[PDB]
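Inspection log for the structure reproduced underneath, given as structure tokens.
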Amino acid sequence: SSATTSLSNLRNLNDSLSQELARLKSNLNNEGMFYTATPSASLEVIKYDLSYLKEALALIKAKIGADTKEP
Amino acid sequence: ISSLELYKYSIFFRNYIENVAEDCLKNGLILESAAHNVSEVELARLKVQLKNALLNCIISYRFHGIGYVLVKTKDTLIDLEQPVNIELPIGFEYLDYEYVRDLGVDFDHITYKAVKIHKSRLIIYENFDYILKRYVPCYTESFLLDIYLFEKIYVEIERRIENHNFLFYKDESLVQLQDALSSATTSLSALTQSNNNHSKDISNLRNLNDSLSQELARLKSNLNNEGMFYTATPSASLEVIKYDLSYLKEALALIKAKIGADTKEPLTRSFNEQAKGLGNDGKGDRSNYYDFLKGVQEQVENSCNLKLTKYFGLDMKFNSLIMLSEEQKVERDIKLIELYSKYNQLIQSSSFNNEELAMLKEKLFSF
Amino acid sequence: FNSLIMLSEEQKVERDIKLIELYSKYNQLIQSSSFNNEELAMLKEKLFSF
Amino acid sequence: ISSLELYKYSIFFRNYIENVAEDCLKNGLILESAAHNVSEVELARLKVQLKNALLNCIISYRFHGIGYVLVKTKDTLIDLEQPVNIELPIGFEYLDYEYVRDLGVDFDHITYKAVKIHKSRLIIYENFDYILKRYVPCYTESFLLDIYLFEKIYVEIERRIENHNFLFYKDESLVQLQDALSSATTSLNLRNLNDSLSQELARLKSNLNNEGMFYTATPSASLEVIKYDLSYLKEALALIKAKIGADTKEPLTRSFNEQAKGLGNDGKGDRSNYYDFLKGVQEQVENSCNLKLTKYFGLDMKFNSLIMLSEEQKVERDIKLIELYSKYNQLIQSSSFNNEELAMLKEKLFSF
Amino acid sequence: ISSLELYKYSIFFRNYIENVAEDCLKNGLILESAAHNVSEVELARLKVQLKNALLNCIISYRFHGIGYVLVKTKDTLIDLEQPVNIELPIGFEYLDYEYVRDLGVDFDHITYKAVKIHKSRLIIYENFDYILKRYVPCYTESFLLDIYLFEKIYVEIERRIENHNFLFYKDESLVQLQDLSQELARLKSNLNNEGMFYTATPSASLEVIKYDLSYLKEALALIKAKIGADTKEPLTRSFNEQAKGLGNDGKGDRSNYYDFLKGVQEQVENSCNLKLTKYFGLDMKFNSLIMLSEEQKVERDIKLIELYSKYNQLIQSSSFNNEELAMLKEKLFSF
Amino acid sequence: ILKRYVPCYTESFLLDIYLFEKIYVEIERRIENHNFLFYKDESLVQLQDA
């Protein structure tokens with residue numbers, strides 16, 4: 001982020017850093033195993049829900065059926 | 001959302017567009033000549049070409065909002081501008097919408113690619129909306145959004161299929177010793193960048209990740225060999241990370257409901273699970289698809305006969321949407337013969353007045 | 001192309017039986033009716049088989 | 001995944017390969033001679049040998065993509081190279097695919113083991129895919145993967161059947177003293193510690209068996225049952241069955257021998273997918289055989305009808321036909337229709 | 001996995017092997033002589049011995065891949081090497097597979113235990129797989145594994161039946177006694193007496209340890225599915241819950257087991273008649289797999305008589321042309 | 001509409017077939033190690049690391 005801020009010597013620095021980051025990420029993603037070294041590291045799946053929209057659709061269908069006579 | 005892009009990518013949109021035209025021209029046409037001078041073979045060939053043109057005409061009507069069929073006669077390319085009084089057409093050719101320039105109903109000619117063609121030689125099938133004061137297709141932005149979501153569900157499924165389940169491993173081993181030395185070196189190098197053994201840091205990082213790959217290979221090898229994953233660190237952790245699909249399932253249900261609400265084509269609504277509902281049930285309670293097809297057929301007939309009869313002396317008709325089977329025909333004939341026999345018996349064995357019999361005649365449907 | 005729907009032997013026999021019954025009913029009506037020639041002709045067109 | 005290895009290991013693959021051929025030759029063949037000079041007994045023996053050859057021919061067609069049947073005549077081994085104009089075959093012999101070398105359709109001979117055989121004496125049943133421009137078997141890599149997974153499920157079941165449930169025991173007792181000393185000094189008497197540890201473990205096992213109570217001294221001692229699970233394999237079996245049913249049309253293979261072949265008589269023209277597939281295979285085999293049996297040998301072969309009527313069905317059909325004839329006779333006798341109308345009825349009637 | 005060991009240990013494998021042979025020879029055989037000179041009693045005795053030999057022949061065919069039946073004639077033990085031109089057999093004797101040495105089809109003799117027997121006196125029923133280029137049995141390694149797992153489930157059940165539930169107890173003064181032990185066992189007996197277990201240590205613990213069987217139940221379900229997929233024998237697939245399906249339903253839609261039995265019977269008939277007719281002048285046939293009951297026979301006779309009556313009525317009360325009647329004759333099945 | 005010759009299938013249909021196969025591809029990938037043991041111990045690594 002500091003590199004990108006400065007962009008918005010350094011060439012070799014960024015090349016080495018990018019190489020290492022890319023290889024670490026590629027290994028962890030390819031082996032089907034996410035590895036980390038920090039004892040306090042955390043990984044959680046965040047998920048959305050649709051029950052609100054389903055219930056709203058039911059209520060809206062009921063209201064439309066009540067509000068019109070066209071079958 | 002681009003209709004052309006959706007048409008290219010999705011076969012569902014293509015089927016939705018083309019099903020109506022295919023159903024309209026499924027049962028065929030009837031072609032007749034007012035003068036009663038054209039032979040039946042030539043007229044049948046003309047009918048075949050007319051059907052071929054009408055399919056693309058209806059497809060263009062649904063996709064763009066207007067469809068053009070050129071009535072080709074025995075004339076030169078420059079003679080298309082001149083009007084036609086009375087002629088027998090040589091054939092019918094559908095004209096591509098993208099190559100047709102029309103300035104409106106106030107003009108009596110179009111430009112095709114720049115050949116000027118008079119409107120008297122063209123069969124025009126247009127969907128003009130008076131509220132919008134413009135020609136519109138059969139679909140809207142909401143329908144396009146529904147189709148796009150229908151495809152995006154499986155796009156996301158493909159995005160997350162490979163790594164739906166994976167392992168999260170936290171280990172403070174020799175590997176973390178290397179990794180933590182690496183992390184401290186990278187942080188210090190970041191400080192220096194913000195501002196020299198950074199090359200030493202780089203060589204570290206490289207060898208450290210080499211050893212990391214070696215150790216991960218060894219761990220996987222042990223897992224495969226003895227089915228047991230062993231670790232040294234008392235704070236080591238191993239957890240299975242899993243994805244979910246309930247969101248996409250519920251979205252599919254809602255999208256199917258929306259599509260069914262937004263279209264009347266039974267195959268599109270039911271995802272090719274329901275029939276077209278164009279059979280004979282012996283009752284006058286016809287289907288919504290039947291009514292829609294009848295309206296489309298009436299509009300097409302009006303559009304064709306507005307100029308086929310006036311300028312070419314030809315009349316076109318659509319075949320009946322409901323086609324009776326042989327057994328149904330035999331049953332209907334049997335019932336009609338029974339009705340006639342009952343009527344004859346009543347007439348022979350009754351003494352009703354002439355006025356009463358006549359009055360019965362009008363109130364009877366068959367007689 | 002040959003017809004997509006192929007009838008079985010039993011179906012053919014049943015159809016033949018029904019057609020023969022229809023012809024017998026038509027013959028009985030013609031023999032035992034006193035309808036006018038125009039009415040009989042008009043019945044002929046409105047009948048599918050005849 | 002190797003098709004030969006899968007064939008050797010799995011009986012399901014073998015049955016899938018052989019069921020189509022067995023069903024095709026279940027009802028038998030009809031053999032005829034154009035000259036009408038061959039006696040029926042010799043022709044029946046020829047038909048038996050032809051069926052025996054055709055079974056292996058179809059099996060090789062499904063497994064490899066091509067099948068070879070040699071039409072053996074009264075000739076020497078060197079005469080096989082020479083073409084045949086008109087002859088009466090002595091028999092039929094299936095040729096193994098691995099011993100046949102064919103350079104393509106542009107050549108009119110093959111090498112068998114190195115005897116040169118002209119193609120006019122050979123019945124060839126090949127599955128050529130024009131998209132792939134090569135001969136292909138009836139199975140693909142996905143189907144092989146499905147079969148492999150089907151077997152691997154029970155492979156894993158056998159792997160984890162014995163220790164599906166076991167005991168995890170933690171104890172900082174004399175036994176942990178023994179094992180800690182062993183650990184330390186082996187990393188660096190000890191065999192006596194070994195013996196004492198085993199003795200105490202066996203003693204505790206004996207106590208457990210005797211009085212149904214496991215007792216321990218350490219306040220931090222723990223005992224937990226470790227258990228395995230099978231829901232993954234159950235769901236995988238369901239998915240694999242669905243995939244197999246989608247990937248093949250053979251009813252026994254799809255239903256795991258739970259459904260019938262569907263080759264009966266229902267009195268309707270709505271035949272089954274397996275019936276259509278078998279009819280197509282039979283037509284291809286008939287074409288392949290008659291391309292050279294009639295031209296070079298004066299023989300014609302036909303397949304028996306896939307649908308075989310029972311005696312009761314035959315009697316019922318005869319009764320219905322007799323009733324139809326009686327109705328037609330009654331109508332003709334008691335009608336006064338015109339000759340043209342009766343004739344027109346004749347064509348529109350199926351039976352008459 | 002050893003097929004012989006599995007056969008010895010499991011009755012299910014034995015039944016799977018023997019059911020096909022028993023069903024094939026359930027309805028019996030028909031034996032005839034081309035010369036029409038042999039008396040019926042002697043021929044019936046020959047048929048009985050032939051059935052007895054054929055049962056073991058089919059069993060050996062299924063278990064090993066080949067089965068041998070020796071056709072015993074009025075000859076000496078050394079005359080078995082000599083070929084036979086025309087003779088009337090004295091009997092049939094099944095030959096054990098383990099005592100038969102055959103070098104292949106290119107040879108016309110075998111060694112039995114070392115008596116040399118010509119192949120013209122032997123009925124051979126073999127299952128040769130052209131893909132494998134060898135004789136193979138009716139079972140494979142996967143099927144053997146399925147049977148082994150089927151037995152191992154109850155092996156494990158027996159292993160863990162006795163201690164499915166037990167007590168885990170933690171106490172410090174009690175081990176001060178143990179390391180007295182039998183006296184605390186007697187205190188557990190006092191628990192059994194008074195219905196109340198009492199202890200001293202505030203950190204003493206008592207927990208019931210229990211086992212589970214869901215793994216074995218699911219494995220049994222999967223194994224049953226695999227067996228049903230891997231075999232066609234209805235009893236083996238359904239665990240003796242379904243019938244053989246060899247009845248008469250009045251329809252041509254026969255069963256898979258019927259088709260399999262018909263194929264096996266055809267192969268056996270070919271194998272026998274390849275040498276019974278040529279060398280011995282005898283012909284063998286299998287009885288029909290479907291056997292009609294008396295009521296079914298009466299019903300069929302009634303229907304046939306009705307059909308004949310209808311045909312006679314039509315012929316008497318019709319005025320059809322001779323060509324039309326003839327054409328009806330061919331298109332009628334019965335006439 | 002496309003002004004070109006097109007087959008009977010589209011990219012979405014190809015994607016559907018590809019996913020249909022990829023499901024069992026993943027099943028094969030994770031069939032062998034669907035259940036395994038995770039064990040943590042310090043003396044046993046005192047043994048193994050040596």
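Convention: chains lettered A, B, ... in structure tokens order; per-chain residue numbering from 1; ligands numbered from 1 as shown.
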Run DSSP on the backbone and tell me which residues of range 168-296 of chain B come out as helix (DSSP H, G or I); list them as a PyMOL selection string. chain B and resi 174-194+198-226+246-262+266-270+288-296
Taking only C-alpha atoms into account, what are the residues of chain A at most 9 Å from chain B, put as a CSV table (one decimal) with N, CA, C and O atoms, in the first residue's frame?
chain,number,residue,atom,x,y,z
A,2,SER,N,1.9,1.3,0.8
A,2,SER,CA,2.9,2.4,0.7
A,2,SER,C,3.5,2.5,-0.6
A,2,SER,O,3.7,3.6,-1.1
A,3,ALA,N,3.9,1.3,-1.2
A,3,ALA,CA,4.4,1.4,-2.6
A,3,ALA,C,3.5,2.0,-3.6
A,3,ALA,O,3.8,2.9,-4.3
A,6,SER,N,3.2,5.7,-3.0
A,6,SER,CA,4.3,6.4,-3.6
A,6,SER,C,4.3,6.5,-5.2
A,6,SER,O,4.7,7.4,-5.8
A,10,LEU,N,13.7,1.0,-6.4
A,10,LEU,CA,12.3,0.7,-6.1
A,10,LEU,C,11.8,-0.4,-7.1
A,10,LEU,O,11.0,-1.2,-6.7
A,13,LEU,N,13.1,-3.6,-5.7
A,13,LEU,CA,12.3,-3.8,-4.4
A,13,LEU,C,10.9,-4.4,-4.7
A,13,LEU,O,10.6,-5.5,-4.1
A,16,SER,N,11.0,-8.1,-6.3
A,16,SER,CA,11.2,-9.1,-5.3
A,16,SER,C,10.0,-9.3,-4.4
A,16,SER,O,9.5,-10.4,-4.1
A,17,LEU,N,9.4,-8.2,-3.9
A,17,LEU,CA,8.2,-8.3,-3.1
A,17,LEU,C,7.0,-9.0,-3.8
A,17,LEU,O,6.4,-9.9,-3.2
A,19,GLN,N,7.2,-11.0,-6.4
A,19,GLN,CA,7.5,-12.4,-6.6
A,19,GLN,C,7.2,-13.2,-5.3
A,19,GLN,O,6.5,-14.3,-5.4
A,20,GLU,N,7.6,-12.8,-4.2
A,20,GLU,CA,7.4,-13.6,-3.0
A,20,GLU,C,5.9,-13.7,-2.6
A,20,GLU,O,5.4,-14.7,-2.3
A,23,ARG,N,4.1,-16.0,-5.1
A,23,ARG,CA,4.4,-17.4,-4.8
A,23,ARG,C,3.7,-18.0,-3.6
A,23,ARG,O,3.2,-19.1,-3.6
A,24,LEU,N,3.7,-17.2,-2.5
A,24,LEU,CA,3.1,-17.6,-1.3
A,24,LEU,C,1.6,-17.8,-1.5
A,24,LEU,O,1.0,-18.9,-1.1
A,27,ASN,N,0.9,-20.9,-3.8
A,27,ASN,CA,1.1,-22.2,-3.1
A,27,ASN,C,-0.1,-22.5,-2.2
A,27,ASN,O,-0.7,-23.6,-2.2
A,29,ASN,N,-3.2,-21.3,-2.3
A,29,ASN,CA,-4.4,-21.6,-3.1
A,29,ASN,C,-4.4,-22.9,-3.8
A,29,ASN,O,-5.4,-23.6,-3.9
A,31,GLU,N,-2.6,-25.7,-3.1
A,31,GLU,CA,-2.6,-27.0,-2.3
A,31,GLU,C,-3.9,-27.3,-1.7
A,31,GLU,O,-4.0,-28.4,-1.0
A,32,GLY,N,-4.9,-26.5,-1.9
A,32,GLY,CA,-6.2,-26.8,-1.3
A,32,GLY,C,-6.2,-26.7,0.2
A,32,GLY,O,-7.1,-27.2,0.9
A,33,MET,N,-5.1,-26.1,0.7
A,33,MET,CA,-4.9,-25.9,2.2
A,33,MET,C,-4.5,-24.5,2.4
A,33,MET,O,-3.4,-24.1,1.9
A,34,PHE,N,-5.2,-23.7,3.2
A,34,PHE,CA,-4.9,-22.4,3.5
A,34,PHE,C,-4.0,-22.4,4.8
A,34,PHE,O,-4.5,-22.7,5.9
A,35,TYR,N,-2.7,-22.0,4.6
A,35,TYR,CA,-1.8,-22.0,5.7
A,35,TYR,C,-1.5,-20.6,6.2
A,35,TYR,O,-1.4,-19.7,5.3
A,36,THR,N,-1.3,-20.4,7.5
A,36,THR,CA,-0.9,-19.2,8.0
A,36,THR,C,0.0,-19.5,9.3
A,36,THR,O,-0.1,-20.6,9.9
A,37,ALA,N,0.8,-18.5,9.6
A,37,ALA,CA,1.7,-18.7,10.8
A,37,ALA,C,1.3,-17.9,12.0
A,37,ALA,O,1.9,-18.2,13.1
A,38,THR,N,0.4,-17.0,11.9
A,38,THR,CA,0.0,-16.2,13.1
A,38,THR,C,-0.9,-17.0,14.0
A,38,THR,O,-1.9,-17.5,13.5
A,39,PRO,N,-0.6,-17.1,15.2
A,39,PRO,CA,-1.5,-17.9,16.1
A,39,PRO,C,-2.9,-17.2,16.3
A,39,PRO,O,-3.8,-17.9,16.6
A,40,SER,N,-3.0,-15.9,16.1
A,40,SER,CA,-4.3,-15.2,16.2
A,40,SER,C,-4.9,-15.0,14.9
A,40,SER,O,-5.9,-14.3,14.8
A,41,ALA,N,-4.4,-15.6,13.8
A,41,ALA,CA,-5.1,-15.4,12.5
A,41,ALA,C,-6.4,-16.1,12.5
A,41,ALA,O,-6.7,-17.1,13.1
A,43,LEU,N,-10.1,-16.9,9.9
A,43,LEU,CA,-10.7,-17.0,8.6
A,43,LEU,C,-12.2,-17.5,8.8
A,43,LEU,O,-12.4,-18.5,9.4
A,44,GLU,N,-13.1,-16.7,8.3
A,44,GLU,CA,-14.5,-17.0,8.5
A,44,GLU,C,-15.3,-16.7,7.2
A,44,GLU,O,-15.0,-15.7,6.5
A,45,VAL,N,-16.3,-17.5,6.9
A,45,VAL,CA,-17.1,-17.4,5.7
A,45,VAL,C,-18.3,-16.5,6.1
A,45,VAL,O,-19.1,-16.8,7.1
A,47,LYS,N,-21.9,-14.9,4.9
A,47,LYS,CA,-23.0,-15.3,4.0
A,47,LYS,C,-24.1,-14.4,4.2
A,47,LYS,O,-24.4,-13.8,5.2
A,48,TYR,N,-24.9,-14.2,3.1
A,48,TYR,CA,-26.1,-13.4,3.0
A,48,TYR,C,-27.3,-14.4,3.1
A,48,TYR,O,-27.2,-15.6,3.1
A,49,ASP,N,-28.5,-13.8,3.2
A,49,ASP,CA,-29.8,-14.5,3.4
A,49,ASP,C,-30.8,-13.9,2.5
A,49,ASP,O,-30.8,-12.7,2.1
A,50,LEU,N,-31.9,-14.7,2.2
A,50,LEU,CA,-33.0,-14.3,1.3
A,50,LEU,C,-34.4,-14.5,1.9
A,50,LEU,O,-35.3,-14.4,1.2
A,51,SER,N,-34.5,-14.9,3.2
A,51,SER,CA,-35.8,-15.2,3.7
A,51,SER,C,-36.7,-14.0,3.7
A,51,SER,O,-37.9,-14.0,3.5
A,53,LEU,N,-36.7,-11.5,1.5
A,53,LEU,CA,-37.2,-11.3,0.2
A,53,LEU,C,-38.3,-12.4,-0.2
A,53,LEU,O,-39.2,-12.1,-0.8
A,54,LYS,N,-38.1,-13.6,0.3
A,54,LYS,CA,-39.1,-14.6,0.0
A,54,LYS,C,-40.4,-14.3,0.7
A,54,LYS,O,-41.5,-14.4,0.1
A,57,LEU,N,-42.0,-11.4,-1.1
A,57,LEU,CA,-42.7,-11.9,-2.3
A,57,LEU,C,-44.0,-12.5,-2.0
A,57,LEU,O,-45.0,-12.3,-2.8
Please, which residues in chain F fall within 12 Å of chain A when counting only C-alpha atoms, and what is the closest atom pair and distance in Å to one decimal for each, ordered by chain then residue number, as JSON lines?
{"residue": "F:26", "atom": "CA", "partner": "A:32", "partner_atom": "CA", "distance": 11.6}
{"residue": "F:29", "atom": "CA", "partner": "A:32", "partner_atom": "CA", "distance": 10.3}
{"residue": "F:30", "atom": "CA", "partner": "A:32", "partner_atom": "CA", "distance": 10.3}
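CA of residue 162 in chain D sits 20.7 Å away from CA of residue 202 in chain D.
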Contacts of residue 44 in chain F within 10 Å, only C-alpha atoms, excl. fewer than 6 positions in-chain, as a PyMOL selection string: (chain B and resi 230-232) or (chain D and resi 180+183)
With a cut-off of 8 Å and counting only C-alpha atoms, select all residues of chain B in contact with chain F and give the selection as a PyMOL selection string. chain B and resi 8-11+60+151+154+158+161-162+224+227-234+236+238
Write the residues of the preceding selection, restricted to N, CA, C and O atoms, as an mmCIF file, in the first residue's frame.
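Written file, selection-v9.cif:
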data_model
loop_
_atom_site.group_PDB
_atom_site.id
_atom_site.type_symbol
_atom_site.label_atom_id
_atom_site.label_comp_id
_atom_site.auth_asym_id
_atom_site.auth_seq_id
_atom_site.Cartn_x
_atom_site.Cartn_y
_atom_site.Cartn_z
ATOM 1 N N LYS B 8 -26.638 -13.637 -27.621
ATOM 2 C CA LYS B 8 -25.450 -14.408 -27.979
ATOM 3 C C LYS B 8 -25.088 -15.413 -26.893
ATOM 4 O O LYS B 8 -24.726 -16.557 -27.192
ATOM 5 N N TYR B 9 -25.174 -15.006 -25.624
ATOM 6 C CA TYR B 9 -24.665 -15.860 -24.554
ATOM 7 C C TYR B 9 -25.657 -16.947 -24.156
ATOM 8 O O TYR B 9 -25.257 -18.092 -23.911
ATOM 9 N N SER B 10 -26.945 -16.623 -24.081
ATOM 10 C CA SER B 10 -27.943 -17.508 -23.496
ATOM 11 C C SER B 10 -28.803 -18.146 -24.580
ATOM 12 O O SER B 10 -29.323 -17.450 -25.460
ATOM 13 N N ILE B 11 -28.946 -19.471 -24.512
ATOM 14 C CA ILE B 11 -29.857 -20.174 -25.409
ATOM 15 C C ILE B 11 -31.303 -20.025 -24.940
ATOM 16 O O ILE B 11 -32.235 -20.127 -25.747
ATOM 17 N N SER B 60 -37.957 -11.052 -36.105
ATOM 18 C CA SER B 60 -37.554 -9.652 -36.064
ATOM 19 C C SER B 60 -38.594 -8.788 -35.363
ATOM 20 O O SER B 60 -38.234 -7.835 -34.664
ATOM 21 N N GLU B 151 -28.554 -16.517 -15.395
ATOM 22 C CA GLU B 151 -27.223 -16.962 -15.811
ATOM 23 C C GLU B 151 -26.167 -16.716 -14.732
ATOM 24 O O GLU B 151 -25.252 -17.533 -14.547
ATOM 25 N N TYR B 154 -25.376 -19.548 -12.054
ATOM 26 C CA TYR B 154 -24.422 -20.589 -12.422
ATOM 27 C C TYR B 154 -23.036 -20.018 -12.684
ATOM 28 O O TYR B 154 -22.038 -20.731 -12.528
ATOM 29 N N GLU B 158 -19.907 -21.717 -10.821
ATOM 30 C CA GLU B 158 -18.611 -22.032 -11.411
ATOM 31 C C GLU B 158 -17.479 -21.313 -10.691
ATOM 32 O O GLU B 158 -16.382 -21.867 -10.554
ATOM 33 N N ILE B 161 -17.041 -23.387 -7.306
ATOM 34 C CA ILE B 161 -17.158 -24.844 -7.274
ATOM 35 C C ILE B 161 -15.863 -25.499 -6.797
ATOM 36 O O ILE B 161 -15.893 -26.458 -6.016
ATOM 37 N N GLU B 162 -14.706 -24.999 -7.248
ATOM 38 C CA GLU B 162 -13.457 -25.729 -7.027
ATOM 39 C C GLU B 162 -13.051 -25.739 -5.558
ATOM 40 O O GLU B 162 -12.576 -26.762 -5.051
ATOM 41 N N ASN B 224 -1.739 -38.670 3.114
ATOM 42 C CA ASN B 224 -2.138 -39.710 2.170
ATOM 43 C C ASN B 224 -1.685 -41.095 2.625
ATOM 44 O O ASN B 224 -2.427 -42.072 2.466
ATOM 45 N N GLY B 227 -3.220 -41.596 6.703
ATOM 46 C CA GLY B 227 -4.515 -41.032 7.040
ATOM 47 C C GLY B 227 -4.537 -40.244 8.326
ATOM 48 O O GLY B 227 -5.616 -39.973 8.859
ATOM 49 N N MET B 228 -3.371 -39.870 8.845
ATOM 50 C CA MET B 228 -3.264 -39.135 10.096
ATOM 51 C C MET B 228 -2.414 -37.896 9.869
ATOM 52 O O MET B 228 -1.285 -37.993 9.376
ATOM 53 N N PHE B 229 -2.955 -36.738 10.233
ATOM 54 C CA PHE B 229 -2.225 -35.480 10.192
ATOM 55 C C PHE B 229 -1.704 -35.189 11.591
ATOM 56 O O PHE B 229 -2.494 -35.026 12.528
ATOM 57 N N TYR B 230 -0.385 -35.130 11.737
ATOM 58 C CA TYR B 230 0.232 -34.922 13.036
ATOM 59 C C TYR B 230 0.943 -33.577 13.040
ATOM 60 O O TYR B 230 1.453 -33.131 12.006
ATOM 61 N N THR B 231 0.967 -32.929 14.202
ATOM 62 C CA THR B 231 1.598 -31.628 14.341
ATOM 63 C C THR B 231 2.286 -31.559 15.694
ATOM 64 O O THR B 231 2.029 -32.371 16.586
ATOM 65 N N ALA B 232 3.175 -30.578 15.835
ATOM 66 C CA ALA B 232 3.954 -30.413 17.055
ATOM 67 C C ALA B 232 3.418 -29.332 17.978
ATOM 68 O O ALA B 232 3.436 -29.510 19.201
ATOM 69 N N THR B 233 2.933 -28.232 17.426
ATOM 70 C CA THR B 233 2.597 -27.059 18.223
ATOM 71 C C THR B 233 1.348 -27.305 19.061
ATOM 72 O O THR B 233 0.325 -27.743 18.518
ATOM 73 N N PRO B 234 1.386 -27.054 20.372
ATOM 74 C CA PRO B 234 0.165 -27.201 21.182
ATOM 75 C C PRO B 234 -0.946 -26.239 20.797
ATOM 76 O O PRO B 234 -2.113 -26.514 21.100
ATOM 77 N N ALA B 236 -1.555 -25.436 17.604
ATOM 78 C CA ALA B 236 -1.892 -25.695 16.211
ATOM 79 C C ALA B 236 -3.385 -25.968 16.058
ATOM 80 O O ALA B 236 -4.030 -26.544 16.939
ATOM 81 N N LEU B 238 -6.621 -26.854 12.955
ATOM 82 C CA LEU B 238 -6.991 -27.319 11.621
ATOM 83 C C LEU B 238 -8.507 -27.300 11.520
ATOM 84 O O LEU B 238 -9.187 -27.988 12.288
#
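Each of E:271, E:240, E:181, E:85 was compared to residue 207 in chain D using only C-alpha atoms, and E:181 turns out to be the nearest.
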What are the residues of chain D lining chain B at 12 Å or less? Count only C-alpha atoms, and put the answer as an MDAnalysis selection string. chainID D and resid 156 159:160 348
Just-selected residues, N, CA, C and O atoms written as a PDB file, in the first residue's frame:
ATOM      1  N   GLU D 156     -12.758 -47.393   0.345  1.00  0.00           N
ATOM      2  CA  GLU D 156     -12.617 -46.596   1.563  1.00  0.00           C
ATOM      3  C   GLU D 156     -13.372 -47.225   2.730  1.00  0.00           C
ATOM      4  O   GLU D 156     -12.915 -47.175   3.882  1.00  0.00           O
ATOM      5  N   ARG D 159     -11.251 -49.705   4.053  1.00  0.00           N
ATOM      6  CA  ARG D 159     -10.109 -49.103   4.733  1.00  0.00           C
ATOM      7  C   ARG D 159     -10.447 -48.703   6.163  1.00  0.00           C
ATOM      8  O   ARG D 159      -9.625 -48.889   7.068  1.00  0.00           O
ATOM      9  N   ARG D 160     -11.643 -48.163   6.392  1.00  0.00           N
ATOM     10  CA  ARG D 160     -11.995 -47.648   7.714  1.00  0.00           C
ATOM     11  C   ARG D 160     -13.048 -48.477   8.447  1.00  0.00           C
ATOM     12  O   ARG D 160     -13.630 -47.985   9.420  1.00  0.00           O
ATOM     13  N   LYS D 348     -58.587 -46.823 -47.200  1.00  0.00           N
ATOM     14  CA  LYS D 348     -58.476 -46.156 -45.908  1.00  0.00           C
ATOM     15  C   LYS D 348     -58.545 -47.129 -44.740  1.00  0.00           C
ATOM     16  O   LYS D 348     -58.192 -46.745 -43.619  1.00  0.00           O
TER      17      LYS D 348
END
Shortest contact to chain F, candidates D:52, D:173, D:187, D:19, atoms counted only C-alpha atoms, goes to D:187
Residues of chain B within 9 Å of chain C, counting only C-alpha atoms, as a ChimeraX atom specification: /B:326-327,329-334,336-338,340-341,344-345,348
Within 6 Å of chain C: each chain D residue with its shortest pair, only C-alpha atoms, as CSV:
residue,atom,partner,partner_atom,distance
D:268,CA,C:8,CA,5.7
D:269,CA,C:8,CA,5.3
D:324,CA,C:17,CA,5.9
D:349,CA,C:16,CA,5.8
So that I have them on file, write out the residues from the current selection with C-alpha atoms, as an mmCIF file, in the first residue's frame.
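File produced: result_7.cif:
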data_model
loop_
_atom_site.group_PDB
_atom_site.id
_atom_site.type_symbol
_atom_site.label_atom_id
_atom_site.label_comp_id
_atom_site.auth_asym_id
_atom_site.auth_seq_id
_atom_site.Cartn_x
_atom_site.Cartn_y
_atom_site.Cartn_z
ATOM 1 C CA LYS D 268 -49.020 -49.340 -27.975
ATOM 2 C CA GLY D 269 -46.474 -47.862 -30.355
ATOM 3 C CA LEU D 324 -63.152 -57.146 -37.345
ATOM 4 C CA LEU D 349 -58.894 -49.404 -43.952
#
With DSSP run on the backbone, what are the strand (DSSP E or B) residues within chain A? I'd like them as a PyMOL selection string. chain A and resi 33-36
List the spatial neighbours of range 178-180 of chain E as a ChimeraX atom specification - criterion: any atom at most 12 Å away, only C-alpha atoms, same-chain residues fewer than 3 positions off excluded. /D:173-174,200,215-217 /E:171-175,183-187
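Shell of residue 139 in chain D at 12 Å, with only C-alpha atoms counted and residues fewer than 6 places along the chain excluded, is residues 2, 3, 13, 16, 17, 61, 62, 63, 64, 65, 127, 145, 146, 147, 244, 247, 248 and 249 of chain D.
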Shell around range 115-124 of chain E at 6 Å using only C-alpha atoms, local window under 6 positions removed, as a PyMOL selection string: chain E and resi 67-71+80-81+108-109+272
